[PDB]
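query.txt, holding compact mmCIF, C-alpha atoms and all ligand atoms:
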```txt
# COMPACT_ATOMS: atom_id res chain seq x y z
CA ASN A 1 -69.38 -14.03 -12.01
CA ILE A 2 -67.15 -13.27 -9.02
CA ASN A 3 -68.27 -13.11 -5.39
CA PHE A 4 -66.56 -10.14 -3.72
CA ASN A 5 -68.11 -10.95 -0.36
CA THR A 6 -67.12 -14.47 0.71
CA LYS A 7 -66.46 -14.70 4.48
CA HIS A 8 -63.26 -13.09 5.77
CA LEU A 9 -61.09 -15.94 7.04
CA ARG A 10 -59.66 -15.87 10.58
CA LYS A 11 -57.10 -17.84 12.59
CA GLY A 12 -58.39 -21.44 12.56
CA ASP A 13 -59.95 -21.08 9.14
CA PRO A 14 -58.70 -23.57 6.53
CA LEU A 15 -56.65 -22.37 3.51
CA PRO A 16 -58.68 -23.10 0.33
CA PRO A 17 -56.61 -25.25 -2.09
CA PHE A 18 -55.27 -23.54 -5.25
CA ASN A 19 -57.49 -24.44 -8.23
CA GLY A 20 -55.93 -22.67 -11.21
CA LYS A 21 -57.78 -19.34 -10.94
CA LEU A 22 -55.61 -16.31 -10.19
CA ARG A 23 -56.45 -15.54 -6.56
CA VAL A 24 -56.45 -12.29 -4.62
CA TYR A 25 -55.92 -12.27 -0.85
CA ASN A 26 -58.14 -9.31 -0.03
CA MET A 27 -60.18 -7.50 2.53
CA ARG A 28 -63.36 -5.88 1.27
CA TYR A 29 -62.74 -2.47 2.84
CA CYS A 30 -59.02 -2.33 2.16
CA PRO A 31 -58.30 0.49 -0.31
CA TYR A 32 -54.86 -0.93 -1.09
CA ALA A 33 -56.32 -4.29 -2.03
CA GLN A 34 -58.98 -2.39 -4.04
CA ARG A 35 -56.22 -1.33 -6.46
CA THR A 36 -55.70 -4.98 -7.36
CA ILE A 37 -59.47 -5.62 -7.82
CA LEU A 38 -59.88 -2.54 -10.04
CA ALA A 39 -56.98 -3.57 -12.23
CA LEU A 40 -58.26 -7.14 -12.52
CA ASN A 41 -61.78 -5.87 -13.28
CA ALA A 42 -60.74 -3.34 -15.91
CA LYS A 43 -58.52 -5.90 -17.69
CA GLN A 44 -61.22 -8.57 -17.46
CA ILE A 45 -58.83 -11.10 -15.94
CA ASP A 46 -60.67 -14.05 -14.38
CA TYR A 47 -59.87 -14.42 -10.69
CA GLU A 48 -61.18 -15.42 -7.27
CA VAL A 49 -61.17 -13.53 -3.98
CA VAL A 50 -60.15 -14.87 -0.57
CA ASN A 51 -61.09 -12.37 2.16
CA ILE A 52 -58.92 -11.99 5.25
CA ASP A 53 -59.89 -10.95 8.78
CA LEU A 54 -57.07 -8.51 9.64
CA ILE A 55 -57.78 -8.43 13.36
CA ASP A 56 -57.60 -12.19 13.78
CA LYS A 57 -55.35 -13.19 10.86
CA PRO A 58 -55.26 -16.74 9.50
CA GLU A 59 -52.16 -18.59 10.62
CA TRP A 60 -51.16 -19.31 6.96
CA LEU A 61 -51.25 -15.71 5.69
CA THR A 62 -47.53 -14.87 5.85
CA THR A 63 -47.10 -17.97 3.68
CA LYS A 64 -48.88 -16.03 0.92
CA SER A 65 -48.09 -12.45 1.97
CA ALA A 66 -44.78 -12.00 3.80
CA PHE A 67 -45.64 -8.68 5.50
CA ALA A 68 -48.98 -10.03 6.76
CA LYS A 69 -50.73 -7.46 4.54
CA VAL A 70 -53.35 -7.37 1.79
CA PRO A 71 -53.47 -7.45 -1.12
CA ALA A 72 -51.52 -10.42 -2.33
CA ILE A 73 -52.06 -12.31 -5.59
CA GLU A 74 -51.31 -16.02 -6.08
CA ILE A 75 -50.51 -16.68 -9.73
CA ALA A 76 -49.67 -20.38 -9.29
CA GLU A 77 -49.52 -22.75 -6.31
CA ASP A 78 -47.31 -21.20 -3.61
CA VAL A 79 -46.26 -18.40 -5.98
CA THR A 80 -47.45 -15.02 -4.77
CA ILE A 81 -46.93 -11.30 -5.23
CA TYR A 82 -47.83 -8.63 -2.68
CA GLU A 83 -47.67 -4.85 -2.34
CA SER A 84 -50.62 -3.40 -4.22
CA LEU A 85 -48.64 -1.39 -6.80
CA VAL A 86 -46.32 -4.33 -7.34
CA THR A 87 -49.26 -6.60 -8.10
CA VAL A 88 -50.86 -4.15 -10.50
CA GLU A 89 -47.59 -3.59 -12.42
CA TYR A 90 -47.16 -7.38 -12.76
CA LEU A 91 -50.70 -7.83 -14.16
CA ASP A 92 -50.16 -5.00 -16.64
CA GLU A 93 -46.92 -6.61 -17.93
CA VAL A 94 -48.30 -10.12 -18.20
CA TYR A 95 -51.82 -9.34 -19.48
CA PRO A 96 -51.35 -7.13 -22.57
CA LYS A 97 -55.01 -6.29 -23.23
CA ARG A 98 -56.35 -3.06 -21.74
CA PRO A 99 -52.90 -1.72 -20.77
CA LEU A 100 -53.12 0.36 -17.57
CA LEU A 101 -49.69 1.97 -17.77
CA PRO A 102 -48.66 4.26 -20.67
CA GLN A 103 -46.17 2.58 -22.99
CA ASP A 104 -44.06 5.76 -23.26
CA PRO A 105 -41.62 5.80 -20.32
CA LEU A 106 -42.06 9.51 -19.66
CA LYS A 107 -45.87 9.23 -19.55
CA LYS A 108 -45.52 6.11 -17.39
CA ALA A 109 -43.42 8.12 -14.93
CA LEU A 110 -45.97 10.96 -14.80
CA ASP A 111 -48.67 8.45 -13.93
CA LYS A 112 -46.63 7.07 -11.02
CA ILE A 113 -45.96 10.63 -9.82
CA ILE A 114 -49.68 11.31 -9.87
CA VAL A 115 -50.29 8.19 -7.74
CA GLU A 116 -47.63 9.37 -5.22
CA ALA A 117 -49.38 12.72 -5.19
CA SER A 118 -52.29 10.98 -3.39
CA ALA A 119 -50.26 10.04 -0.27
CA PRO A 120 -51.48 13.13 1.71
CA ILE A 121 -55.03 11.98 0.95
CA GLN A 122 -54.27 8.43 2.06
CA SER A 123 -52.75 10.02 5.16
CA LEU A 124 -55.60 12.34 6.11
CA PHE A 125 -58.15 9.54 5.68
CA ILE A 126 -56.33 7.06 7.92
CA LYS A 127 -55.71 9.79 10.54
CA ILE A 128 -59.33 10.94 10.60
CA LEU A 129 -60.35 7.31 10.78
CA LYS A 130 -58.04 6.06 13.58
CA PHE A 131 -56.23 9.01 15.24
CA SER A 132 -58.81 11.73 14.62
CA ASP A 133 -57.85 13.90 17.58
CA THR A 134 -54.31 14.38 16.23
CA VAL A 135 -55.55 15.77 12.87
CA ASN A 136 -54.09 19.30 12.47
CA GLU A 137 -54.16 21.92 9.72
CA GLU A 138 -50.93 20.90 7.95
CA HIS A 139 -52.62 17.56 7.22
CA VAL A 140 -55.71 19.31 5.92
CA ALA A 141 -53.58 21.75 3.89
CA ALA A 142 -51.36 18.98 2.46
CA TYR A 143 -54.48 17.10 1.43
CA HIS A 144 -55.71 20.19 -0.46
CA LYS A 145 -52.34 20.53 -2.15
CA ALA A 146 -52.85 16.92 -3.11
CA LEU A 147 -56.26 17.58 -4.66
CA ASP A 148 -55.03 20.76 -6.38
CA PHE A 149 -52.14 18.92 -8.01
CA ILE A 150 -54.30 16.05 -9.23
CA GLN A 151 -57.08 18.28 -10.58
CA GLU A 152 -54.44 20.35 -12.40
CA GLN A 153 -52.98 17.24 -14.05
CA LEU A 154 -56.49 16.37 -15.25
CA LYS A 155 -57.04 19.96 -16.35
CA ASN A 156 -53.81 20.03 -18.33
CA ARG A 157 -54.43 16.66 -20.00
CA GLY A 158 -57.93 17.80 -20.99
CA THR A 159 -59.33 14.28 -21.05
CA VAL A 160 -62.21 12.64 -19.18
CA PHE A 161 -59.77 10.61 -17.11
CA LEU A 162 -56.14 10.99 -16.11
CA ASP A 163 -55.18 8.21 -18.52
CA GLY A 164 -57.44 9.26 -21.42
CA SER A 165 -61.07 8.49 -22.28
CA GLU A 166 -60.81 5.23 -20.29
CA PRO A 167 -59.47 5.21 -16.70
CA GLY A 168 -55.95 3.82 -16.43
CA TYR A 169 -53.28 3.14 -13.81
CA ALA A 170 -53.19 6.67 -12.42
CA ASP A 171 -56.98 6.77 -12.18
CA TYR A 172 -57.42 3.29 -10.72
CA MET A 173 -54.49 3.50 -8.30
CA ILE A 174 -55.80 6.63 -6.60
CA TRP A 175 -59.50 5.82 -6.99
CA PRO A 176 -60.04 4.03 -3.65
CA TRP A 177 -59.39 7.21 -1.71
CA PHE A 178 -61.80 9.17 -3.84
CA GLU A 179 -64.39 6.43 -3.21
CA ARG A 180 -63.83 7.01 0.51
CA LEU A 181 -63.76 10.83 0.28
CA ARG A 182 -67.47 10.53 -0.59
CA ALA A 183 -68.24 9.16 2.92
CA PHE A 184 -66.18 11.84 4.65
CA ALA A 185 -68.06 14.49 2.69
CA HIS A 186 -69.78 15.81 5.86
CA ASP A 187 -66.66 16.19 7.92
CA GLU A 188 -65.70 19.83 7.38
CA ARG A 189 -61.99 19.09 6.91
CA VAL A 190 -62.73 16.93 3.85
CA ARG A 191 -65.77 18.40 2.06
CA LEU A 192 -64.87 19.88 -1.32
CA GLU A 193 -65.83 23.45 -2.21
CA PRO A 194 -67.73 22.92 -5.50
CA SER A 195 -66.32 25.97 -7.30
CA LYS A 196 -62.66 25.17 -6.54
CA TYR A 197 -63.08 21.45 -7.16
CA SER A 198 -65.81 21.27 -9.77
CA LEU A 199 -63.54 19.52 -12.27
CA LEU A 200 -62.45 16.94 -9.67
CA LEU A 201 -66.03 16.44 -8.47
CA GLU A 202 -67.07 15.86 -12.10
CA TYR A 203 -64.24 13.35 -12.59
CA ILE A 204 -65.35 11.48 -9.48
CA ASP A 205 -68.91 11.19 -10.89
CA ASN A 206 -67.52 9.78 -14.14
CA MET A 207 -65.33 7.29 -12.28
CA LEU A 208 -68.37 5.90 -10.42
CA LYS A 209 -69.76 4.92 -13.82
CA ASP A 210 -66.68 2.97 -14.94
CA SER A 211 -67.61 -0.74 -14.77
CA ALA A 212 -64.38 -1.68 -12.97
CA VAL A 213 -65.40 0.76 -10.25
CA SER A 214 -69.17 0.26 -10.16
CA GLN A 215 -69.26 -3.50 -9.74
CA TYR A 216 -67.08 -3.24 -6.61
CA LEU A 217 -68.64 -0.09 -5.05
CA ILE A 218 -69.40 -0.18 -1.33
CA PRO A 219 -72.87 1.32 -0.69
CA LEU A 220 -72.10 4.54 1.23
CA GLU A 221 -74.27 3.78 4.27
CA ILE A 222 -72.40 0.48 4.63
CA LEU A 223 -69.02 2.17 4.33
CA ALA A 224 -69.99 4.78 6.94
CA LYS A 225 -71.17 1.99 9.25
CA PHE A 226 -67.86 0.21 8.79
CA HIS A 227 -65.81 3.36 9.43
CA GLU A 228 -67.92 3.90 12.55
CA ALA A 229 -66.31 0.90 14.27
CA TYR A 230 -62.91 2.58 13.97
CA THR A 231 -63.96 5.95 15.31
CA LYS A 232 -65.42 4.13 18.31
CA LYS A 233 -62.43 1.78 18.59
CA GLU A 234 -64.82 -1.16 18.07
CA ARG A 235 -63.94 -4.55 16.61
CA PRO A 236 -64.52 -4.38 12.85
CA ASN A 237 -67.47 -6.17 11.29
CA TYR A 238 -66.13 -7.51 7.98
CA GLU A 239 -69.47 -9.07 7.00
CA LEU A 240 -71.75 -6.05 6.58
CA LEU A 241 -72.09 -7.03 2.89
CA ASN A 242 -72.70 -10.72 3.54
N1 LIG B 301 -47.92 -0.88 0.94
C1 LIG B 301 -48.95 -1.93 0.98
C2 LIG B 301 -49.91 -1.61 2.11
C3 LIG B 301 -51.19 -2.40 2.20
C4 LIG B 301 -51.90 -2.32 3.52
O1 LIG B 301 -51.66 -1.44 4.34
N2 LIG B 301 -52.91 -3.29 3.84
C5 LIG B 301 -53.55 -3.17 5.16
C6 LIG B 301 -55.03 -3.17 4.99
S1 LIG B 301 -55.81 -1.69 4.47
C7 LIG B 301 -53.15 -4.38 5.97
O2 LIG B 301 -53.13 -5.48 5.43
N3 LIG B 301 -52.80 -4.23 7.37
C8 LIG B 301 -52.42 -5.40 8.16
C9 LIG B 301 -52.70 -5.33 9.61
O3 LIG B 301 -53.88 -5.18 10.00
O4 LIG B 301 -51.75 -5.44 10.43
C10 LIG B 301 -49.67 -2.09 -0.35
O5 LIG B 301 -49.74 -1.08 -1.14
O6 LIG B 301 -50.18 -3.22 -0.71
K K B 302 -56.20 2.02 5.49
K K B 303 -52.49 1.23 6.78
K K B 304 -72.91 6.51 10.67
```

Could you render the structure from this file as structure tokens?
Amino acid sequence: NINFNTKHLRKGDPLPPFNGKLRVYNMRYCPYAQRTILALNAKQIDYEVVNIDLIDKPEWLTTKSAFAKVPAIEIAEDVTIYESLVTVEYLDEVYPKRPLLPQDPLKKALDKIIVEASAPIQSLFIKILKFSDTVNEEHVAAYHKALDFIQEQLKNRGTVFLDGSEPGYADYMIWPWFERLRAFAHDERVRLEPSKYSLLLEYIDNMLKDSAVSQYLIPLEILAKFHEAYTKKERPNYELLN
């Protein structure tokens, strides 16, 4: 029912009036904002998306998102939450069905640790994307430590997904970087050796089939095109899907 690909709004664009639907201030290619989409999808919460041009930001953005970042959710008129993990934790507390976070505090903590474990991945991706020349071997090594740790958590838990037979917070909150890893899979510093990472590669295949993931997937040729702008220092085209 939801259109993920309405125009990204720029300075001079009007602010659509609140209409009752929970609203996400998003940008289609933002992995951080993707966390909020995944959560909303998995929990089957009705919502609407307002896309934001991050190069030429709407004047009224900081009104909704103090740090001028995405995502932000608006849960009522002029009442907003931002910071991706903050938004997801709010939705999990207020919408009880399909709980993303473990109820047991210890298990909850482990999930958050796992998410933190993906920082080196988040880091390598943004470096390769925007500061590619500065990418050294500590970055690449840290990234591999990151993958090792995550795979091992999955191995130890023995389940299909980090959070069980259905993906949960840990899965969804790291997923966007795995979605992106797929498009970096022919840069040599990212490609995964299939013996070492066969369990992780299998998990990624299964994630692609989760309906919260699949309905929001970016076709890989589109994502590569998008990334291309950055590596050339071009002005982003936010409308490739529209
Ligand atoms: N810690 C924040 C970070 C989110 C973030 O970095 N959003 C980026 C987009 S990928 C952004 O809005 N950058 C604003 C800019 O272009 O200055 C979160 O988890 O929500
Ligand atoms: K980014
Ligand atoms: K960033
Ligand atoms: K390309």

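Relative to atom CA of residue 70 of chain A, atom K of ligand K 302 (chain B) is found at 10.5 Å.
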
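Pocket residues of ligand K 302 (chain B), taken as those with any atom at most 9 Å away using all atoms listed in the file, are residues 29, 30, 31, 32, 122, 123, 125, 126 and 129 of chain A.
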
Could you write out as lines of an AutoDock Vina configuration file the box around segment 100-105 of chain A (axis-aligned, all atoms listed in the file, 3 Å on each side), with centre and edge lengths in Å to one decimal?
```
center_x = -47.4
center_y = 3.1
center_z = -20.4
size_x = 17.5
size_y = 11.4
size_z = 11.7
```

Query raised in the report: Can you tell me, as a ChimeraX atom specification, what residues are no more than 12 Å from residue 116 of chain A when counting only C-alpha atoms, ignoring any on the same chain fewer than 4 positions away?
Result: /A:85,109-112,120-123,146-147,149-150,170-171,173-174

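Nearest residue to residue 152 of chain A, choosing from A:191, A:100, A:200, A:107 and counting all atoms listed in the file: A:200.
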
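Residues of protein, DNA or RNA lying at most 12 Å from ligand K 304 (chain B), when all atoms listed in the file are considered, are residues 183, 184, 186, 187, 220, 221, 222, 223, 224, 225, 226, 227, 228, 229, 230, 231 and 232 of chain A.
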
**Report entry** Given 12 Å and all atoms listed in the file, residues near ligand LIG 301 (chain B) as an MDAnalysis selection string
**Finding:** chainID A and resid 24:37 51:58 61:62 65:73 81:89 115:116 119 122:123 125:126 129 173:174 176:177 236

Report task. For residue 101 of chain A, work out the shell of residues within 7 Å, counting all atoms listed in the file and skipping chain neighbours fewer than 5 positions away, then give it as a PyMOL selection string. Result -> chain A and resi 108+168-169

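When all atoms listed in the file are used to compute distances to residue 202 of chain A, the closest of the residues A:154, A:214, A:50, A:124 turns out to be A:154.
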
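You will find atom CA of residue 233 of chain A at 10.1 Å from atom CA of residue 131 of chain A.
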
Query raised in the report: Hey, what's within 12 Å of segment 18-20 of chain A if we count all atoms listed in the file and toss same-chain stuff fewer than 6 positions away? As a list in words, please?
Result: residues 46, 47, 48, 49, 50, 64, 73, 74, 75, 76, 77, 78, 79 and 80 of chain A

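Note that the spacing between atom CA of residue 166 of chain A and atom CA of residue 44 of chain A amounts to 14.1 Å.
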
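Nearest to ligand K 303 (chain B) of all the residues A:45, A:127, A:155, A:139 is A:127, counting all atoms listed in the file.
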
Report task. Would you kindly return, as number ranges by chain, each protein, DNA or RNA residue with an atom no farther than 7 Å from any atom of segment 205-212 of chain A, considering only C-alpha atoms and excluding same-chain residues fewer than 5 positions away? Result -> A: 38, 41-42

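Comparing A:148, A:113, A:130, A:195 by their smallest distance to ligand K 303 (chain B), the closest is A:130 (using all atoms listed in the file).
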
Completion of segment 202-228 of chain A up to N, CA, C and O atoms, as a compact mmCIF listing (two decimals), in the coordinates of the input:
```
# COMPACT_ATOMS: atom_id res chain seq x y z
N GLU A 202 -66.55 16.42 -10.85
CA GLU A 202 -67.07 15.86 -12.10
C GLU A 202 -66.38 14.53 -12.46
O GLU A 202 -67.03 13.54 -12.83
N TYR A 203 -65.05 14.53 -12.34
CA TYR A 203 -64.24 13.35 -12.59
C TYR A 203 -64.66 12.20 -11.66
O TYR A 203 -64.78 11.07 -12.09
N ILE A 204 -64.91 12.51 -10.40
CA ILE A 204 -65.35 11.48 -9.48
C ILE A 204 -66.68 10.86 -9.94
O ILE A 204 -66.81 9.62 -9.96
N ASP A 205 -67.65 11.70 -10.32
CA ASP A 205 -68.91 11.19 -10.89
C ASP A 205 -68.70 10.26 -12.07
O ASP A 205 -69.38 9.23 -12.17
N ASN A 206 -67.80 10.63 -12.98
CA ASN A 206 -67.52 9.78 -14.14
C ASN A 206 -66.88 8.46 -13.70
O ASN A 206 -67.20 7.40 -14.23
N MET A 207 -65.99 8.52 -12.72
CA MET A 207 -65.33 7.29 -12.28
C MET A 207 -66.34 6.24 -11.75
O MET A 207 -66.24 5.04 -12.05
N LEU A 208 -67.31 6.73 -10.98
CA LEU A 208 -68.37 5.90 -10.42
C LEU A 208 -69.08 5.10 -11.50
O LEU A 208 -69.64 4.04 -11.23
N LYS A 209 -69.06 5.60 -12.73
CA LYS A 209 -69.76 4.92 -13.82
C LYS A 209 -68.86 3.95 -14.59
O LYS A 209 -69.34 3.23 -15.46
N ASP A 210 -67.56 3.95 -14.30
CA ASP A 210 -66.68 2.97 -14.94
C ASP A 210 -66.97 1.57 -14.39
O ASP A 210 -67.03 1.37 -13.15
N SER A 211 -67.15 0.58 -15.27
CA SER A 211 -67.61 -0.74 -14.77
C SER A 211 -66.64 -1.43 -13.82
O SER A 211 -67.07 -2.29 -13.04
N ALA A 212 -65.35 -1.09 -13.90
CA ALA A 212 -64.38 -1.68 -12.97
C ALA A 212 -64.65 -1.14 -11.57
O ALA A 212 -64.49 -1.86 -10.57
N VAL A 213 -65.04 0.14 -11.51
CA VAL A 213 -65.40 0.76 -10.25
C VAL A 213 -66.78 0.31 -9.76
O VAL A 213 -66.92 -0.14 -8.61
N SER A 214 -67.78 0.39 -10.63
CA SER A 214 -69.17 0.26 -10.16
C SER A 214 -69.49 -1.12 -9.59
O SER A 214 -70.26 -1.25 -8.66
N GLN A 215 -68.89 -2.16 -10.15
CA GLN A 215 -69.26 -3.50 -9.74
C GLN A 215 -68.69 -3.82 -8.36
O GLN A 215 -69.13 -4.78 -7.72
N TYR A 216 -67.72 -3.02 -7.90
CA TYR A 216 -67.08 -3.24 -6.61
C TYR A 216 -67.45 -2.16 -5.57
O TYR A 216 -66.98 -2.20 -4.44
N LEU A 217 -68.25 -1.17 -5.97
CA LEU A 217 -68.64 -0.09 -5.05
C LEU A 217 -69.17 -0.61 -3.70
O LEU A 217 -69.91 -1.60 -3.65
N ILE A 218 -68.79 0.07 -2.62
CA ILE A 218 -69.40 -0.18 -1.33
C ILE A 218 -70.54 0.84 -1.13
O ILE A 218 -70.29 2.06 -1.14
N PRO A 219 -71.79 0.36 -0.96
CA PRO A 219 -72.87 1.32 -0.69
C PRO A 219 -72.48 2.25 0.47
O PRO A 219 -71.98 1.77 1.51
N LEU A 220 -72.67 3.56 0.29
CA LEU A 220 -72.10 4.54 1.23
C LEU A 220 -72.56 4.40 2.70
O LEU A 220 -71.79 4.70 3.63
N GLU A 221 -73.80 3.96 2.91
CA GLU A 221 -74.27 3.78 4.27
C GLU A 221 -73.53 2.60 4.91
O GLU A 221 -73.25 2.61 6.11
N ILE A 222 -73.19 1.60 4.11
CA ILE A 222 -72.40 0.48 4.63
C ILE A 222 -70.98 0.91 4.98
O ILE A 222 -70.41 0.48 5.99
N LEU A 223 -70.40 1.75 4.13
CA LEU A 223 -69.02 2.17 4.33
C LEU A 223 -68.94 3.05 5.59
O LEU A 223 -68.03 2.89 6.40
N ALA A 224 -69.90 3.96 5.74
CA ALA A 224 -69.99 4.78 6.94
C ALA A 224 -70.17 3.92 8.19
O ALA A 224 -69.53 4.19 9.21
N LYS A 225 -71.02 2.90 8.12
CA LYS A 225 -71.17 1.99 9.25
C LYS A 225 -69.81 1.39 9.60
O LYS A 225 -69.35 1.46 10.74
N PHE A 226 -69.16 0.81 8.59
CA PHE A 226 -67.86 0.21 8.79
C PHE A 226 -66.89 1.18 9.46
O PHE A 226 -66.31 0.87 10.51
N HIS A 227 -66.69 2.34 8.86
CA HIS A 227 -65.81 3.36 9.43
C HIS A 227 -66.16 3.66 10.88
O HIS A 227 -65.27 3.97 11.69
N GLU A 228 -67.46 3.57 11.20
CA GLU A 228 -67.92 3.90 12.55
C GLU A 228 -67.17 3.07 13.59
O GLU A 228 -66.68 3.61 14.58
```
